[PDB]
Amino acid sequence: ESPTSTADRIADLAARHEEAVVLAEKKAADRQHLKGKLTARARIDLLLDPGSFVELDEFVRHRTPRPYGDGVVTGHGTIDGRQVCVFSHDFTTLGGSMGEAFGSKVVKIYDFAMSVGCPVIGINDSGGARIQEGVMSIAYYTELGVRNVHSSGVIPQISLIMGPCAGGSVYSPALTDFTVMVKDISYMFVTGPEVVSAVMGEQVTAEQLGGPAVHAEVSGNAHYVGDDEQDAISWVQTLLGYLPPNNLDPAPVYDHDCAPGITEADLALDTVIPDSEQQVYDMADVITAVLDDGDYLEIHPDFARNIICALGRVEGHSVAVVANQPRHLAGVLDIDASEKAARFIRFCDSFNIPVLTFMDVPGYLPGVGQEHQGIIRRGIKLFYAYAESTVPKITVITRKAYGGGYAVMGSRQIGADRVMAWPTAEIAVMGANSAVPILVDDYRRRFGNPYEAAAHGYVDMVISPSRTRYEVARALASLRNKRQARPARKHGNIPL
Amino acid sequence: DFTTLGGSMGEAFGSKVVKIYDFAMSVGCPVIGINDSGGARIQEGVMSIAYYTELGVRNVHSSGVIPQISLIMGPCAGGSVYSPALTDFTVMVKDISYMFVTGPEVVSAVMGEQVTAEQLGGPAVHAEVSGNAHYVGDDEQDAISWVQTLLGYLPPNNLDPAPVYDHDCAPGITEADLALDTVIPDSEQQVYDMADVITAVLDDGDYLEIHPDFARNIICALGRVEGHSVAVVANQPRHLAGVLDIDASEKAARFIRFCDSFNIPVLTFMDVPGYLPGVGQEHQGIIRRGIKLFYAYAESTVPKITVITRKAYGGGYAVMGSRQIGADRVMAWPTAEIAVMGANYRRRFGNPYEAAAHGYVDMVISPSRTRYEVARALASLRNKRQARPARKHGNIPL
Amino acid sequence: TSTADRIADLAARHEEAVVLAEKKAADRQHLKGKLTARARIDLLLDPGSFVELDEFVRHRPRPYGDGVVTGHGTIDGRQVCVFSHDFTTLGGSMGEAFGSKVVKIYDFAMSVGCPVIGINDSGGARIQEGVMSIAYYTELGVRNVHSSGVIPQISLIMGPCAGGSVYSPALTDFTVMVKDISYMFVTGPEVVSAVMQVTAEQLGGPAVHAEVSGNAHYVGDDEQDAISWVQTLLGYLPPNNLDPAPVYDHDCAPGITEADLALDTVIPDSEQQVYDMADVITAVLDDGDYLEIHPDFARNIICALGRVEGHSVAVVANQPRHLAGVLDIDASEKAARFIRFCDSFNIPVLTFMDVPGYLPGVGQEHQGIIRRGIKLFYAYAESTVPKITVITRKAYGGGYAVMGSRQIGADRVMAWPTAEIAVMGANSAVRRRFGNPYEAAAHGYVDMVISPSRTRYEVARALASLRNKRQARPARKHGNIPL
């Protein structure tokens, strides 16, 4: 019911707003704080620019307790001045459970984001499906999932996991481009610990089964884990600072403080590669020499540490970095590193971010484990990602460049636009220990260098390492107007 | 030709394969590669790698453009695996073929593992464990025959139509159809063979099965209805109660995306209780890998018909070609149980009628009618046109 | 339970949903001289071709189907989608379940590109559902707008159709009502009389919309005739705006016939004597037959679909038997929308012209003959389908400009020796020297001057010569036609 008078309806609206927000927030704060968690609205407030939030569907209700908003807070705002859409589950209101009203609110802000081409950040903290709504619940899960698939590579999609996330709740995060978890308040699994322990013979805790560390290091479902909710939200904002709003519009360009000439940071790369091939180096020291301010945002820091995927800038422009890391498993490629880099590269290609590869790859990790778990069809994903991509590709060969690993890591035949090799680059069909299908020191002298590849034009230049920053910046600037045609098809058939 | 220079990859060799692949892309016809190689020609150094890469690149730019089929009829190691891995179907032959990125010499010298080539990457390994092999022939005649039969279902390319064959379906109800009224057991812990339903519906009771020895809890096959190519994805309760898991999800997911690329409609037979639980499945990444099948269904635009024979719980029901994921026609049997969960109640909710009340299902039929209604739906959907997101490509989880 | 028991349980609800519901519905509808929703679906579609969807959908008394029968089928072998309100169940009123069923049939028809036939017989909005009903009305309306010119849309009005119920029929391409059993109005006679005293038939009965308002393109004597009318109409149309129209075999005489020669005498000698333009049209079309649109509305103009050599042809022709064939508001809007529809579905336009000018008067000017008569000019100029024009007699000023003259875009314009193509008539220019087509012919504004007996023969040839016509269109979301 409503009042009749105009002033009384304005007052009545103020009362319902008071109940739906101010009251609902006080009380949610009490229940969440005793579990070390923030409220849906506190997270929205930390994520968005102050004063930018426009809340939608504040007075939506389900159709049979009927709290305003139905357990999710939705709307849009800005992050560092650029528009974004937002939803944030309220775990304290009907469990943040997936219902038709809840789901319709999330569907609307997703439709809006697709309509204007802006990113979507989902803040997840849910008790799961709303069982009393029966199959209706499933329908809306599927609706949201379908939008994720139709937004994939169109608008950036980021998932923050800041509470329970089980069952159908895992479906939308799984389809977004980045999933960010938080240290002690989040977990993630399709099937829960109690039923795993009831049908399978396994007694496991929620954190052992699908805690943050599991997905950051073992399954690879988590691209970053924040120490606290603030650290995760900050990571998300920093990531958005590298991305375009959509796959058509340009990425942001920032002012820079790049040295035009040789610096001591540049001269340090002349000694970064050890004399002995037993000794490794930290690729990060190479990467930081090239990127603006020596800084980058690392994707999957704790997953497949034998390869680095990161976003940085050169002369104020977004650049994606993929680099073999000799500090872990000698920088060989394997299943985890290949899927890690493969999806990173395909994402950057969709949103027109050029890829800067630093190569030092001795080969693949050999064992029964790798073959039986499918290194062929899963390692080939990185080949597919490189060959499919049309963004500018610049490749710096620092050391090992053996066989298929060399082929995959942004070689010129796979589509790289500029390939430079240091004199430490060893570009060969295989190492000298493997080439005894026909003394290994002699082979090492003839072929442990880039000059056969350079002689065939497979690399474009062989430079002193200190020139790297400079040449990368040149190559990048020369490639910004690149246009490359794509095969005509509904889509490819990438191995899965 | 393995007997000539080891059948090894070089610039001349490689340029010959480059020329035939360029031709096939040029006229839009399928490519069948027959592999039997000692590997890279090391005397040619990086040249060999370059050409491997060239062929790989062509495979990627042909993916979803022309059907690509790889027969592995011998050794296939190192660089040799790259092109087969990128084609759409890999067919091996027992006793004579194997595939691995790194060979046993290096596995033992680097990892301390003593394994033979056949244990490391033999046909059984790739047909049953890794999934790299979509079919393994007993002999070469059987593998070649399999490849030709497969081609008989497929269009030459992603624009031209698939072949249509002469037909012999009985116009009215048969006893094979009426047999489906009895296939679902009364007792719910008792299973049935989903293959009997599939063979009841398809022409000649026949289908060419993809990945027969891999993830047998799901069936992927090509068959025909009234002479037209139809792709079948079906839960098989004979293995793991028809549960979904990592292997089944990736198997069906790629099958569906390939069929979508070449305009083959997808007919789903649903009977899924849920997902396989365990530390194994979660830590091996069931979230991001199981979701691949959801991506495949939701992305696809070919006609999709779904027959719900029995269990239809939660996310399993969502993924298996529900209407909300994009299916154009969804019919349910009276044995269909469409609910959020099973018993985590059974009398009021163990049936298709709440989903039917919401229009989430289009149809509740006696099973003997399935073949007929499926045929009608398929024929009614051949002119389907559906728009696709504008993008270079999506960002499917890998 | 048991598997056999669930099959039997399903048989019980199926009989409950259709057979028992059908006999009660048939009773309550026969009590008003109307057939059932399912009976009409069965008269419309090919026997046994109907596939019903959403048979057990229920709202949130809960009857199966929620008061509308939805599905798809074939008409004379070609696929069509159909919905049919059941007035006896919950008033055949618009609710969310009801609405979702028609939305699904509409989505399907848009998806496969086949026509939609809606059969309307509704108590209006389901008030108990509040705004939900409006929401769903709107959904359906939007789909009509996005189907407009994409798939043929036909509305059968076979009972009450008031309030929100009028919105979707108004947006379809053809609305057909039935004598004595149907009516249409935005607001009902109750409130209309409460600000004025009127009955439903005088406010919005079929005769009103067939002759006065123009909302009804045809009125059937009974339901069977209206349905037959719709099937005959679909036999002329493509399934959608991309795929070709049906082509039938014919037995056209290859040479000049006596039927052809009868037109040499059809135009009277003295210019105050009028003729029946229909005799010319029937001389040109296959079997002397055509399907007339808006037969009782603006009868100074004829709009019809016929065939030449088995191919669909649209005919727009001035009719001197009514208002001497002048153009007016009603005739302009009728012909204009017919032409735009035919252009959307790639049906060529055959014009027969005998136009002395416009109907004069305060009535016509004050009600906007400028902005509404100009719609027909827009329709001709916008259209890109082949346009063939036969000028039988009067060809005066803007009237001649509008009916498919060559400068407005016609591809072939032939004139009889009785054609008087002039800037204005004899009385207004202050004529024996100008009462003829030859200054127009001398300028090439007409392409040929023929003896009337040649008409059919040249028309057919022109038609056959133009099937591969392509014409570029302005780059725009859409135009700004006057409304």
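Chains as they are written, first to last, in the deposited numbering: chain A, 12 to 75, 81 to 454, 475 to 532; chain D, 106 to 449, 479 to 532; chain F, 15 to 74, 81 to 216, 219 to 452, 480 to 532. For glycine and all other residues, C-beta sits at the position ideal for the given N, C-alpha and C.
Practice task
Return the residues of the stretch 172-202 of chain D that lie within a Cβ-Cβ distance of less than 7 Å from chain A, sorted by chain order.
Solution key: Cβ proximity to chain A below 7 Å picks out 183, 184, 186, 187, 190, 191 and 193 from the stretch 172-202 of chain D.
Handout entry: beta strand (DSSP E) segments (min. 3 residues) lying fully within the stretch 370-423 of chain F
Key = 371-377 and 409-418
Handout entry: Burial state of residue 120 (chain D), where buried means 16 or more other Cβ atoms lie within 10 Å
Key = exposed
Handout entry: Touch test, the stretch 370-378 of chain D against the stretch 130-141 of chain A, Cβ-Cβ under 8 Å, three pairs minimum
Key = no
Exercise for the section: Select from D:393, D:447 and D:406 the residue whose C-alpha is nearest the C-alpha of residue 418 (chain D). Expected result: Comparing Cα-Cα distances from residue 418 (chain D) to each of D:393, D:447 and D:406, the minimum goes to D:447.
Exercise for the section: Please go through the same chain and pick out, in chain order, the residues whose beta-carbon is closer than 7 Å to the beta-carbon of residue 122 (chain F), but skip the five residues on each side of it. Expected result: 88, 90, 103 and 160
Exercise for the section: Please compile the residues from chain D whose C-beta is within a distance smaller than 8 Å of the C-beta of residue 365 (chain A). Expected result: 526 and 527
Problem - Segment contact, 8 Å Cβ cut-off, at least three pairs: the stretch 485-498 of chain D with the stretch 270-283 of chain D - result: no
Handout entry: Within 8 Å, strictly: CB atoms of residue 115 (chain D) and residue 106 (chain D)
Key = no
Exercise for the section: Give the C-beta separation of residue 218 (chain D) and residue 165 (chain A) to the nearest angstrom, bearing in mind that I take them to be a contact with Cβ-Cβ under 8 Å. Expected result: Contact between residue 218 (chain D) and residue 165 (chain A) does not hold, since their C-beta atoms are separated by about 40 Å, which reaches or exceeds 8 Å.
Exercise for the section: Please state whether DSSP places residue 429 (chain A) in a helix, a strand or coil. Expected result: coil
Handout entry: CB contact flag (residue 141 (chain A), residue 180 (chain A), <8 Å)
Key = yes
Problem - Burial state of residue 308 (chain F), where buried means 16 or more other Cβ atoms lie within 10 Å - result: buried
Practice task
Name, going along the chain, the residues of the stretch 412-445 of chain D whose beta-carbon falls closer than 8 Å to a beta-carbon of chain A.
Solution key: 419, 420, 422, 423, 427, 429, 430, 431, 443, 444 and 445
Practice task
Below 8 Å on the Cβ atoms is my guess for residue 333 (chain A) versus residue 110 (chain A); work out the distance and round it to an integer in Å.
Solution key: That pair is no contact at about 46 Å.
Practice task
Using only alpha-carbon positions, find the residue among D:522, D:438, D:479 and D:175 that is nearest to residue 23 (chain F).
Solution key: Of the candidates D:522, D:438, D:479 and D:175, the one whose C-alpha sits nearest the C-alpha of residue 23 (chain F) is D:438.
Handout entry: Contacts around residue 267 (chain F), its chain only, beta-carbon distance under 6 Å, and the 5 residues preceding and following it disregarded
Key = 260 and 334
Handout entry: Same chain only: Cβ atoms within 7 Å of residue 36 (chain F), ignoring 5 sequence neighbours per side
Key = 50 and 52
Practice task
Give the straight-line distance between the Cα atoms of residue 148 (chain D) and residue 208 (chain D), rounded to the nearest whole angstrom.
Solution key: 20 Å
Practice task
With a floor of 4 residues, list each alpha helix (DSSP H) that falls wholly inside the stretch 126-201 of chain F, ordered by position along the chain.
Solution key: 151-167 and 187-191, all fully within the stretch 126-201 of chain F.
Problem - Separation of residue 336 (chain D) from residue 237 (chain A), as counted between CA atoms - result: Roughly 31 Å between the two C-alpha positions.
Practice task
Have a look at F:382, F:306, F:352 and F:301 and flag the residue whose alpha-carbon is nearest the alpha-carbon of residue 323 (chain F).
Solution key: F:352
Handout entry: Residues that DSSP places opposite residue 220 (chain F) in a beta bridge
Key = Answer by DSSP bridge pairing: none, since residue 220 (chain F) is not bridged.
Practice task
Measure the alpha-carbon distance for residue 523 (chain F) versus residue 431 (chain F) and round it to whole angstroms.
Solution key: 14 Å
Problem - Element boundaries [beta strand (DSSP E), containing residue 444 (chain F)] - result: 442-444
Practice task
Determine whether the Cβ of residue 144 (chain D) lies closer than 8 Å to any Cβ atom of chain F.
Solution key: no
Problem - Spatially closest choice to residue 163 (chain D) from D:143, D:144, D:192 and D:152, by CA coordinates - result: D:192
Practice task
Using the Cα positions of residue 168 (chain A) and residue 412 (chain D), report the straight-line distance between them to the nearest angstrom.
Solution key: Spanning the two alpha carbons is a distance of roughly 28 Å.
Exercise for the section: Run the proximity test for residue 283 (chain A): is its beta-carbon closer than 7 Å to any non-hydrogen atom belonging to the ligand GTP? Expected result: With respect to the ligand GTP, the structure offers nothing, as it holds no ligand at all.
Handout entry: Cα-Cα separation, residue 391 (chain F) to residue 350 (chain F)
Key = 7 Å
Exercise for the section: Report the residue from F:325, F:146, F:510 and F:291 whose alpha carbon sits nearest the alpha carbon of residue 362 (chain F). Expected result: F:325
Practice task
Could you check what DSSP says for residue 449 (chain F) in three-state terms: helix, strand or coil?
Solution key: helix
Exercise for the section: Would you mind telling me which residues of chain F sit closer than 7 Å to residue 291 (chain D), beta carbon to beta carbon, in chain order? Expected result: Within chain F, the residues near residue 291 (chain D) are 16 and 17.
Problem - Test item: CB-CB of residue 441 (chain D) and residue 414 (chain D) under 8 Å - result: yes
Practice task
Could you please give the first and the last residue of the uninterrupted alpha helix (DSSP H) stretch that includes residue 514 (chain D)?
Solution key: 504-514
Problem - Per-residue DSSP class, three states only, for residue 36 (chain A) - result: In the three-state scheme derived from DSSP, where H, G and I count as helix and E and B as strand, residue 36 (chain A) is classed as helix.
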